[PDB]
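Each remark here refers to the structure printed beneath this line.
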Amino acid sequence: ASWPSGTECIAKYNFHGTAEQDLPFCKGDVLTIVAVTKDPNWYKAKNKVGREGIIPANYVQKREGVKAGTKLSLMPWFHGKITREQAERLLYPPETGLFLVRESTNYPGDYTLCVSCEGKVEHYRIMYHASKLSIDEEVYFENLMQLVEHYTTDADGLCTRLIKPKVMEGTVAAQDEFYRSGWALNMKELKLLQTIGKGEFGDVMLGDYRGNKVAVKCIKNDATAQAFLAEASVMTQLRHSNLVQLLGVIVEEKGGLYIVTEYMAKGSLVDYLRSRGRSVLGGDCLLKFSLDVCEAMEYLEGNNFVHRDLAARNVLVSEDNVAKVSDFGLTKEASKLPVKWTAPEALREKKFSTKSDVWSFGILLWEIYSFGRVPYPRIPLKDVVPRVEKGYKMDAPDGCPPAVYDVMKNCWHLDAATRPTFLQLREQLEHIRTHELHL
């Protein structure tokens, strides 16, 4: 079947054109299909700037979503909860360098490396502490992939170096999955310029990819890389003008895992507010930011996703002032959470829902109209939930429009079901804007 009009394809190679009708393009460029020609090998398509022309199907890769199934993985040789004996069975015919990683039955929370040395299969314990992996407690690693790169390059103490992986069955190489779905990027074209932020769950760096500024993120404490997979996957499925856009994924076999994202020149919404402040940001600007976030959220709810981590810090601003939700690490379909932003039922119940997201939206608005100030200002972090559950609610910020504050309050009802829908939030923020109840 030919690619329907509107299909997106990423260029695998540079195309210089064979005829005058042809549309040239560079490797990595995004092409939107217009229509297939009389010859299935060529399509009419447009580039980002809109220019149309003919291009070869062979040269482009259809871009599509990737589902982080329970079988999707970056470690063929990883076998999850496999038992010692099982590894012995999986590794029965004595082969030097035949290895496989499994979780640790023996020592809970850690992992175990299993190798076939000399008619025997050695089992080395991999300790997980302070978010790092280590066998000899001399060399540490961020993930099991780097550990395998290492011990494959040299035995470095082990009875033998690793040579051949015992590929678990059902494993789906995420590297070619993201590759075939048009989301794979090349490390050689990425130059990491500087670190924009070193956070608790990941790092973000400004970079240069094929000439354009880009944001690169890596995820901490993710030994199996599943946090990485989960975040990348969901991102390949999100497409809204108020959601930070995924540009691609970078997987170095050594173990460096990165998520390349559009660059947002103005930094987090928190900072933008604090820097420019009250004397610069008018009411329209503040309401405009609220609507931006609200639409992003209505989109997520409409696609059955729960953000679970909505806050001014996780909202970035582009060069021309468009606020976009970012940081989709905790994003999952209707099911640690930041206490000051999370709804009571959410911290207590094991399931999260859009209604908790709405609660967080309420908190975020307060952040917006407070110009970055931190939630629950004069209260100890150990009183919040109990005070809140005892009906406490922050005071409307200084100079906050009463109508805006009522939206906040409406987000803070203790009975989740009574909280507004994101569409109802948009409608009310629009009702406010329409009558200028914010000016």
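To be explicit about the labels: the chains of the structure tokens are called A, B, and onward in the order shown, and within each one the residues are counted from 1, while ligands get numbers from 1 in the order they are shown.
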All residues 7 Å or closer to residue 63 of chain A, only C-alpha atoms, same chain fewer than 6 positions away omitted, as a PDB file with N, CA and C atoms, in the first residue's frame:
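Saved file around-v1.pdb follows:
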ATOM      1  N   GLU A   8       4.282  11.103   7.256  1.00  0.00           N
ATOM      2  CA  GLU A   8       5.579  11.742   7.429  1.00  0.00           C
ATOM      3  C   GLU A   8       6.695  10.713   7.261  1.00  0.00           C
ATOM      4  N   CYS A   9       7.767  11.121   6.595  1.00  0.00           N
ATOM      5  CA  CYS A   9       8.906  10.235   6.361  1.00  0.00           C
ATOM      6  C   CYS A   9      10.191  10.983   6.648  1.00  0.00           C
ATOM      7  N   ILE A  10      11.145  10.313   7.271  1.00  0.00           N
ATOM      8  CA  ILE A  10      12.402  10.979   7.549  1.00  0.00           C
ATOM      9  C   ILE A  10      13.385  10.473   6.508  1.00  0.00           C
ATOM     10  N   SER A 181      11.050   3.142  12.664  1.00  0.00           N
ATOM     11  CA  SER A 181       9.955   4.077  12.864  1.00  0.00           C
ATOM     12  C   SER A 181      10.388   5.519  12.603  1.00  0.00           C
ATOM     13  N   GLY A 182      11.588   5.682  12.058  1.00  0.00           N
ATOM     14  CA  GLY A 182      12.092   7.006  11.734  1.00  0.00           C
ATOM     15  C   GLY A 182      12.443   7.919  12.894  1.00  0.00           C
ATOM     16  N   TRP A 183      12.906   7.354  14.006  1.00  0.00           N
ATOM     17  CA  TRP A 183      13.270   8.169  15.165  1.00  0.00           C
ATOM     18  C   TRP A 183      14.737   8.049  15.591  1.00  0.00           C
TER      19      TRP A 183
END
**Asked** If you count only C-alpha atoms, which residues fall within 10 Å of residue 425 of chain A, apart from same-chain ones fewer than 2 positions away, as a list in words?
**Response** residues 290, 291, 294, 295, 297, 298, 358, 361, 362, 407, 408, 410, 411, 419, 420, 421, 422, 423, 427, 428, 429, 430 and 431 of chain A
Resulting file, chosen residues, N, CA, C and O atoms, as an mmCIF file, in the first residue's frame:
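selection37.cif, written as the output of this step:
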data_model
loop_
_atom_site.group_PDB
_atom_site.id
_atom_site.type_symbol
_atom_site.label_atom_id
_atom_site.label_comp_id
_atom_site.auth_asym_id
_atom_site.auth_seq_id
_atom_site.Cartn_x
_atom_site.Cartn_y
_atom_site.Cartn_z
ATOM 1 N N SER A 290 -1.349 30.031 30.674
ATOM 2 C CA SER A 290 -2.298 29.103 31.287
ATOM 3 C C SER A 290 -3.061 28.326 30.234
ATOM 4 O O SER A 290 -3.253 27.121 30.364
ATOM 5 N N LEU A 291 -3.496 29.027 29.191
ATOM 6 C CA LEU A 291 -4.213 28.403 28.105
ATOM 7 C C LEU A 291 -3.285 27.452 27.355
ATOM 8 O O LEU A 291 -3.701 26.351 26.980
ATOM 9 N N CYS A 294 -2.989 24.466 29.439
ATOM 10 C CA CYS A 294 -4.289 23.826 29.487
ATOM 11 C C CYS A 294 -4.608 23.058 28.210
ATOM 12 O O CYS A 294 -5.176 21.977 28.256
ATOM 13 N N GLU A 295 -4.235 23.601 27.062
ATOM 14 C CA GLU A 295 -4.516 22.898 25.832
ATOM 15 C C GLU A 295 -3.670 21.659 25.715
ATOM 16 O O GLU A 295 -4.128 20.636 25.204
ATOM 17 N N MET A 297 -2.675 19.898 28.156
ATOM 18 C CA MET A 297 -3.284 18.936 29.052
ATOM 19 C C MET A 297 -4.574 18.351 28.492
ATOM 20 O O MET A 297 -4.831 17.153 28.665
ATOM 21 N N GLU A 298 -5.378 19.173 27.813
ATOM 22 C CA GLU A 298 -6.631 18.675 27.250
ATOM 23 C C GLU A 298 -6.290 17.634 26.199
ATOM 24 O O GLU A 298 -6.998 16.628 26.034
ATOM 25 N N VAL A 358 -5.401 17.533 36.951
ATOM 26 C CA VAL A 358 -6.129 18.785 37.086
ATOM 27 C C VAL A 358 -5.720 19.470 38.387
ATOM 28 O O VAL A 358 -5.493 20.694 38.420
ATOM 29 N N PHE A 361 -2.612 21.098 37.854
ATOM 30 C CA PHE A 361 -2.800 22.287 37.029
ATOM 31 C C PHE A 361 -3.141 23.435 37.970
ATOM 32 O O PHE A 361 -2.623 24.549 37.841
ATOM 33 N N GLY A 362 -4.023 23.157 38.920
ATOM 34 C CA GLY A 362 -4.390 24.186 39.881
ATOM 35 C C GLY A 362 -3.148 24.745 40.559
ATOM 36 O O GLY A 362 -2.968 25.962 40.650
ATOM 37 N N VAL A 407 -10.549 29.290 39.450
ATOM 38 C CA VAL A 407 -10.210 28.145 38.625
ATOM 39 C C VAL A 407 -9.281 27.286 39.492
ATOM 40 O O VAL A 407 -9.477 26.071 39.617
ATOM 41 N N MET A 408 -8.285 27.928 40.100
ATOM 42 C CA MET A 408 -7.372 27.222 40.987
ATOM 43 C C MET A 408 -8.218 26.445 41.985
ATOM 44 O O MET A 408 -8.151 25.221 42.046
ATOM 45 N N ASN A 410 -11.196 25.538 42.034
ATOM 46 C CA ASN A 410 -11.991 24.490 41.441
ATOM 47 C C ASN A 410 -11.113 23.267 41.197
ATOM 48 O O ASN A 410 -11.596 22.142 41.180
ATOM 49 N N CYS A 411 -9.816 23.478 41.030
ATOM 50 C CA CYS A 411 -8.922 22.353 40.803
ATOM 51 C C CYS A 411 -8.615 21.652 42.116
ATOM 52 O O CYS A 411 -8.327 20.451 42.137
ATOM 53 N N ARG A 419 -13.781 17.732 40.310
ATOM 54 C CA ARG A 419 -12.829 18.618 39.636
ATOM 55 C C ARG A 419 -13.161 18.755 38.172
ATOM 56 O O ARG A 419 -13.689 17.821 37.541
ATOM 57 N N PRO A 420 -12.846 19.926 37.602
ATOM 58 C CA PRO A 420 -13.146 20.121 36.189
ATOM 59 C C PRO A 420 -12.291 19.284 35.253
ATOM 60 O O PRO A 420 -11.231 18.782 35.599
ATOM 61 N N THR A 421 -12.821 19.145 34.060
ATOM 62 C CA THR A 421 -12.219 18.457 32.946
ATOM 63 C C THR A 421 -11.227 19.497 32.353
ATOM 64 O O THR A 421 -11.343 20.710 32.610
ATOM 65 N N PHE A 422 -10.247 19.067 31.571
ATOM 66 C CA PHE A 422 -9.348 20.067 31.013
ATOM 67 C C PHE A 422 -10.096 20.910 29.983
ATOM 68 O O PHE A 422 -9.825 22.108 29.819
ATOM 69 N N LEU A 423 -11.044 20.292 29.288
ATOM 70 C CA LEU A 423 -11.850 21.038 28.332
ATOM 71 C C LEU A 423 -12.664 22.076 29.111
ATOM 72 O O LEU A 423 -12.811 23.213 28.672
ATOM 73 N N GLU A 427 -12.456 26.130 28.525
ATOM 74 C CA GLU A 427 -13.663 26.935 28.328
ATOM 75 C C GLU A 427 -13.751 28.071 29.345
ATOM 76 O O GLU A 427 -14.049 29.212 28.978
ATOM 77 N N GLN A 428 -13.472 27.784 30.616
ATOM 78 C CA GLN A 428 -13.560 28.831 31.630
ATOM 79 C C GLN A 428 -12.451 29.881 31.540
ATOM 80 O O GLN A 428 -12.670 31.061 31.840
ATOM 81 N N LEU A 429 -11.255 29.454 31.143
ATOM 82 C CA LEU A 429 -10.139 30.375 30.991
ATOM 83 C C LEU A 429 -10.477 31.251 29.783
ATOM 84 O O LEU A 429 -10.137 32.435 29.747
ATOM 85 N N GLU A 430 -11.151 30.659 28.802
ATOM 86 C CA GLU A 430 -11.576 31.381 27.605
ATOM 87 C C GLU A 430 -12.732 32.322 27.969
ATOM 88 O O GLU A 430 -12.857 33.411 27.415
ATOM 89 N N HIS A 431 -13.578 31.904 28.904
ATOM 90 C CA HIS A 431 -14.684 32.759 29.315
ATOM 91 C C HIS A 431 -14.095 33.967 30.016
ATOM 92 O O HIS A 431 -14.618 35.073 29.902
#
**Request:** Point out the residue among A:292, A:146, A:438, A:371 with the least atom-to-atom distance to residue 398 of chain A, counting only C-alpha atoms.
**Result:**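 That would be A:371, the residue with the smallest distance to residue 398 of chain A.
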**Using only C-alpha atoms: which of A:222, A:85, A:349, A:436 has the shortest distance to residue 105 of chain A** = A:85
**Request:** Write out as a ChimeraX atom specification the residues lying within 12 Å of residue 216 of chain A, counting only C-alpha atoms and excluding same-chain residues fewer than 4 positions away.
**Result:** /A:185,187,190-198,202-209,245-250,256-264,327
Write out as a tab-separated table the residues of segment 49-121 of chain A that have any atom within 8 Å of an atom of segment 157-175 of chain A, one row each with the nearest atom pair and its distance in Å to one decimal, counting only C-alpha atoms, sorted by chain and then rising number.
residue	atom	partner	partner_atom	distance
A:71	CA	A:171	CA	5.4
A:72	CA	A:172	CA	4.7
A:73	CA	A:174	CA	5.3
A:74	CA	A:174	CA	5.4
A:75	CA	A:173	CA	7.5
A:76	CA	A:167	CA	4.8
A:77	CA	A:167	CA	4.7
A:78	CA	A:168	CA	6.7
A:79	CA	A:168	CA	5.9
A:90	CA	A:166	CA	7.4
A:91	CA	A:166	CA	7.6
A:96	CA	A:160	CA	7.3
A:97	CA	A:162	CA	4.4
A:98	CA	A:164	CA	4.6
A:99	CA	A:165	CA	5.2
A:100	CA	A:166	CA	5.6
A:115	CA	A:162	CA	7.3
A:117	CA	A:160	CA	6.0
**Asked** Near segment 283-287 of chain A, within 12 Å and counting only C-alpha atoms, which residues show up once chain neighbours fewer than 2 positions away are dropped, as a PyMOL selection string?
**Response** chain A and resi 269+272-273+276-281+289-294+321-323+364-372+399-401+403-405+407+426+428-434+436-439
Would you export the selected residues with N, CA and C atoms as a compact mmCIF listing (two decimals), in the first residue's frame, please?
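Printed below is part27.txt as written:
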# COMPACT_ATOMS: atom_id res chain seq x y z
N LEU A 269 9.40 27.61 32.61
CA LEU A 269 8.43 28.67 32.85
C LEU A 269 8.69 29.33 34.21
N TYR A 272 11.55 31.84 33.69
CA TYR A 272 11.05 32.94 32.87
C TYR A 272 10.21 33.91 33.70
N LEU A 273 9.36 33.36 34.56
CA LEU A 273 8.52 34.18 35.41
C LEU A 273 9.36 34.95 36.43
N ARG A 276 11.86 37.87 34.44
CA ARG A 276 11.11 39.03 33.96
C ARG A 276 10.11 39.63 34.96
N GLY A 277 9.47 38.78 35.76
CA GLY A 277 8.53 39.24 36.78
C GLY A 277 7.39 40.22 36.50
N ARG A 278 6.67 40.53 37.58
CA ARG A 278 5.51 41.42 37.58
C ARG A 278 5.59 42.69 36.73
N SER A 279 6.76 43.33 36.71
CA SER A 279 6.93 44.57 35.96
C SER A 279 7.02 44.37 34.45
N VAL A 280 7.08 43.12 34.00
CA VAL A 280 7.19 42.84 32.57
C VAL A 280 6.02 42.04 32.01
N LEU A 281 5.64 40.99 32.73
CA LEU A 281 4.56 40.10 32.30
C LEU A 281 3.15 40.58 32.63
N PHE A 289 -0.25 31.85 28.93
CA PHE A 289 0.56 30.71 29.35
C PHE A 289 -0.35 29.62 29.90
N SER A 290 -1.35 30.03 30.67
CA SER A 290 -2.30 29.10 31.29
C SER A 290 -3.06 28.33 30.23
N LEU A 291 -3.50 29.03 29.19
CA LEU A 291 -4.21 28.40 28.11
C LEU A 291 -3.29 27.45 27.36
N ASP A 292 -2.03 27.85 27.16
CA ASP A 292 -1.06 27.00 26.47
C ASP A 292 -0.97 25.66 27.19
N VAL A 293 -0.70 25.71 28.49
CA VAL A 293 -0.58 24.49 29.28
C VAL A 293 -1.89 23.74 29.29
N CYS A 294 -2.99 24.47 29.44
CA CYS A 294 -4.29 23.83 29.49
C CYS A 294 -4.61 23.06 28.21
N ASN A 321 7.88 32.95 22.92
CA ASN A 321 6.96 32.81 24.04
C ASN A 321 5.85 31.77 24.10
N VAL A 322 6.03 30.63 23.44
CA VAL A 322 5.01 29.60 23.52
C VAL A 322 5.39 28.61 24.62
N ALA A 323 4.52 28.46 25.61
CA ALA A 323 4.75 27.54 26.71
C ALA A 323 4.38 26.13 26.28
N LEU A 364 -0.04 24.63 39.51
CA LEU A 364 0.75 25.32 38.50
C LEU A 364 0.27 26.75 38.23
N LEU A 365 -1.05 26.93 38.10
CA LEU A 365 -1.61 28.26 37.87
C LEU A 365 -1.16 29.16 39.00
N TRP A 366 -1.26 28.66 40.23
CA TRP A 366 -0.83 29.41 41.39
C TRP A 366 0.63 29.82 41.19
N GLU A 367 1.44 28.90 40.66
CA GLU A 367 2.83 29.21 40.40
C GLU A 367 2.89 30.34 39.37
N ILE A 368 2.10 30.23 38.32
CA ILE A 368 2.11 31.25 37.28
C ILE A 368 1.79 32.63 37.83
N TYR A 369 0.64 32.77 38.47
CA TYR A 369 0.26 34.06 39.02
C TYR A 369 1.05 34.50 40.25
N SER A 370 1.99 33.66 40.68
CA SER A 370 2.86 33.98 41.81
C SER A 370 4.25 34.31 41.28
N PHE A 371 4.40 34.21 39.96
CA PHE A 371 5.66 34.50 39.31
C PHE A 371 6.82 33.60 39.71
N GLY A 372 6.53 32.31 39.80
CA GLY A 372 7.55 31.33 40.14
C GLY A 372 7.69 30.97 41.60
N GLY A 399 -2.42 40.32 43.58
CA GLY A 399 -2.91 40.87 42.32
C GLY A 399 -3.53 39.86 41.37
N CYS A 400 -3.86 38.68 41.89
CA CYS A 400 -4.44 37.62 41.09
C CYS A 400 -5.90 37.90 40.80
N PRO A 401 -6.34 37.69 39.54
CA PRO A 401 -7.74 37.93 39.19
C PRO A 401 -8.62 36.96 39.96
N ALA A 403 -11.36 35.59 39.25
CA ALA A 403 -11.80 34.49 38.39
C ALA A 403 -10.70 33.45 38.21
N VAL A 404 -9.45 33.90 38.13
CA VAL A 404 -8.36 32.96 37.95
C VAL A 404 -8.22 32.11 39.20
N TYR A 405 -8.33 32.76 40.35
CA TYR A 405 -8.23 32.06 41.61
C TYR A 405 -9.34 31.03 41.77
N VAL A 407 -10.55 29.29 39.45
CA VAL A 407 -10.21 28.14 38.63
C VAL A 407 -9.28 27.29 39.49
N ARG A 426 -10.36 24.86 29.92
CA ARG A 426 -10.09 25.73 28.78
C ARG A 426 -11.24 26.68 28.55
N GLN A 428 -13.47 27.78 30.62
CA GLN A 428 -13.56 28.83 31.63
C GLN A 428 -12.45 29.88 31.54
N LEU A 429 -11.26 29.45 31.14
CA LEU A 429 -10.14 30.37 30.99
C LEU A 429 -10.48 31.25 29.78
N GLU A 430 -11.15 30.66 28.80
CA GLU A 430 -11.58 31.38 27.60
C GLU A 430 -12.73 32.32 27.97
N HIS A 431 -13.58 31.90 28.90
CA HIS A 431 -14.68 32.76 29.32
C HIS A 431 -14.09 33.97 30.02
N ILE A 432 -13.00 33.74 30.74
CA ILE A 432 -12.33 34.81 31.47
C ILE A 432 -11.69 35.78 30.49
N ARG A 433 -10.98 35.24 29.51
CA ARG A 433 -10.31 36.05 28.51
C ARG A 433 -11.31 36.86 27.70
N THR A 434 -12.38 36.19 27.28
CA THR A 434 -13.42 36.81 26.48
C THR A 434 -14.07 38.04 27.12
N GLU A 436 -12.43 39.67 29.57
CA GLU A 436 -11.29 40.36 30.15
C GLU A 436 -11.33 40.41 31.67
N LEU A 437 -11.81 39.32 32.27
CA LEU A 437 -11.88 39.26 33.72
C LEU A 437 -10.50 39.12 34.36
N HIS A 438 -9.45 39.13 33.55
CA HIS A 438 -8.09 39.02 34.07
C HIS A 438 -7.32 40.33 34.02
N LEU A 439 -7.91 41.35 33.40
CA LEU A 439 -7.24 42.64 33.28
C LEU A 439 -7.82 43.70 34.20
**Request:** Could you pull out the residues in segment 170-333 of chain A that DSSP calls alpha helix (DSSP H) from the backbone, as a PyMOL selection string?
**Result:** chain A and resi 174-180+226-236+269-276+283-302
Emit the selected residues as a short mmCIF file (atom, residue, chain, number, x, y, z; two decimals), in the first residue's frame, including N, CA and C atoms.
data_model
loop_
_atom_site.label_atom_id
_atom_site.label_comp_id
_atom_site.auth_asym_id
_atom_site.auth_seq_id
_atom_site.Cartn_x
_atom_site.Cartn_y
_atom_site.Cartn_z
N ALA A 174 14.99 -2.59 20.51
CA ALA A 174 14.48 -1.24 20.44
C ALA A 174 15.33 -0.40 19.47
N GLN A 175 16.60 -0.72 19.32
CA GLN A 175 17.42 0.07 18.42
C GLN A 175 16.88 0.03 16.99
N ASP A 176 16.51 -1.14 16.48
CA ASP A 176 15.99 -1.13 15.13
C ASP A 176 14.51 -0.77 15.11
N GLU A 177 13.86 -0.81 16.27
CA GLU A 177 12.47 -0.42 16.32
C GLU A 177 12.40 1.08 16.10
N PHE A 178 13.14 1.84 16.90
CA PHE A 178 13.13 3.28 16.74
C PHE A 178 13.71 3.65 15.38
N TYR A 179 14.60 2.80 14.87
CA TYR A 179 15.23 3.03 13.58
C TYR A 179 14.23 2.93 12.43
N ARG A 180 13.46 1.84 12.43
CA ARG A 180 12.45 1.60 11.41
C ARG A 180 11.26 2.56 11.49
N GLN A 226 14.79 0.95 30.96
CA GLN A 226 13.36 0.95 30.69
C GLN A 226 12.68 2.30 30.92
N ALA A 227 13.26 3.12 31.79
CA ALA A 227 12.70 4.46 32.01
C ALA A 227 12.94 5.20 30.69
N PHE A 228 14.15 5.05 30.16
CA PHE A 228 14.51 5.65 28.88
C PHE A 228 13.54 5.19 27.79
N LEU A 229 13.35 3.88 27.67
CA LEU A 229 12.46 3.37 26.64
C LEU A 229 11.05 3.93 26.78
N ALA A 230 10.51 3.85 27.99
CA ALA A 230 9.17 4.35 28.26
C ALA A 230 8.98 5.80 27.87
N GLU A 231 9.97 6.64 28.17
CA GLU A 231 9.84 8.05 27.87
C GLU A 231 9.93 8.32 26.38
N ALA A 232 10.87 7.66 25.73
CA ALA A 232 11.03 7.85 24.30
C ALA A 232 9.78 7.40 23.59
N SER A 233 9.31 6.19 23.90
CA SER A 233 8.12 5.63 23.27
C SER A 233 6.93 6.56 23.33
N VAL A 234 6.54 6.94 24.53
CA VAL A 234 5.39 7.79 24.65
C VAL A 234 5.57 9.05 23.80
N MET A 235 6.80 9.59 23.79
CA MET A 235 7.06 10.80 23.02
C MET A 235 6.85 10.61 21.52
N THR A 236 7.11 9.42 21.01
CA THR A 236 6.90 9.19 19.59
C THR A 236 5.39 9.21 19.30
N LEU A 269 9.40 27.61 32.61
CA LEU A 269 8.43 28.67 32.85
C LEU A 269 8.69 29.33 34.21
N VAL A 270 9.13 28.53 35.18
CA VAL A 270 9.45 29.03 36.51
C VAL A 270 10.45 30.17 36.41
N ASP A 271 11.59 29.89 35.80
CA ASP A 271 12.62 30.90 35.66
C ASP A 271 12.13 32.09 34.86
N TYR A 272 11.55 31.84 33.69
CA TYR A 272 11.05 32.94 32.87
C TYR A 272 10.21 33.91 33.70
N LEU A 273 9.36 33.36 34.56
CA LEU A 273 8.52 34.18 35.41
C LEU A 273 9.36 34.95 36.43
N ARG A 274 10.24 34.24 37.14
CA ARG A 274 11.08 34.89 38.13
C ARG A 274 11.96 35.98 37.54
N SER A 275 12.62 35.69 36.42
CA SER A 275 13.49 36.68 35.81
C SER A 275 12.74 37.96 35.43
N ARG A 276 11.86 37.87 34.44
CA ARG A 276 11.11 39.03 33.96
C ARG A 276 10.11 39.63 34.96
N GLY A 283 -1.19 40.70 32.29
CA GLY A 283 -2.22 39.70 32.55
C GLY A 283 -2.47 38.79 31.36
N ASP A 284 -2.42 39.37 30.17
CA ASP A 284 -2.62 38.60 28.96
C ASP A 284 -1.54 37.53 28.85
N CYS A 285 -0.30 37.90 29.14
CA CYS A 285 0.81 36.95 29.04
C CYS A 285 0.55 35.76 29.97
N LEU A 286 0.21 36.06 31.22
CA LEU A 286 -0.07 35.03 32.21
C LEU A 286 -1.23 34.13 31.80
N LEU A 287 -2.32 34.72 31.34
CA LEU A 287 -3.45 33.90 30.92
C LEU A 287 -3.07 33.10 29.68
N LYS A 288 -2.31 33.71 28.78
CA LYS A 288 -1.89 33.02 27.57
C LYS A 288 -1.07 31.77 27.88
N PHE A 289 -0.25 31.85 28.93
CA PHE A 289 0.56 30.71 29.35
C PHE A 289 -0.35 29.62 29.90
N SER A 290 -1.35 30.03 30.67
CA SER A 290 -2.30 29.10 31.29
C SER A 290 -3.06 28.33 30.23
N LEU A 291 -3.50 29.03 29.19
CA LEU A 291 -4.21 28.40 28.11
C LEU A 291 -3.29 27.45 27.36
N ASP A 292 -2.03 27.85 27.16
CA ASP A 292 -1.06 27.00 26.47
C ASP A 292 -0.97 25.66 27.19
N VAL A 293 -0.70 25.71 28.49
CA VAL A 293 -0.58 24.49 29.28
C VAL A 293 -1.89 23.74 29.29
N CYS A 294 -2.99 24.47 29.44
CA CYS A 294 -4.29 23.83 29.49
C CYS A 294 -4.61 23.06 28.21
N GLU A 295 -4.24 23.60 27.06
CA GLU A 295 -4.52 22.90 25.83
C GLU A 295 -3.67 21.66 25.71
N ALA A 296 -2.44 21.74 26.21
CA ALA A 296 -1.55 20.59 26.16
C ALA A 296 -2.19 19.51 26.99
N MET A 297 -2.67 19.90 28.16
CA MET A 297 -3.28 18.94 29.05
C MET A 297 -4.57 18.35 28.49
N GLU A 298 -5.38 19.17 27.81
CA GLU A 298 -6.63 18.67 27.25
C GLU A 298 -6.29 17.63 26.20
N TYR A 299 -5.18 17.87 25.50
CA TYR A 299 -4.71 16.94 24.48
C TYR A 299 -4.30 15.62 25.13
N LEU A 300 -3.53 15.70 26.21
CA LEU A 300 -3.10 14.48 26.89
C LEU A 300 -4.32 13.69 27.39
N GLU A 301 -5.25 14.38 28.04
CA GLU A 301 -6.44 13.71 28.53
C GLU A 301 -7.19 13.07 27.37
N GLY A 302 -7.25 13.78 26.24
CA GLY A 302 -7.93 13.27 25.06
C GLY A 302 -7.25 12.06 24.45
#
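Here atom CA of residue 255 of chain A stands at a distance of 17.9 Å from atom CA of residue 155 of chain A.
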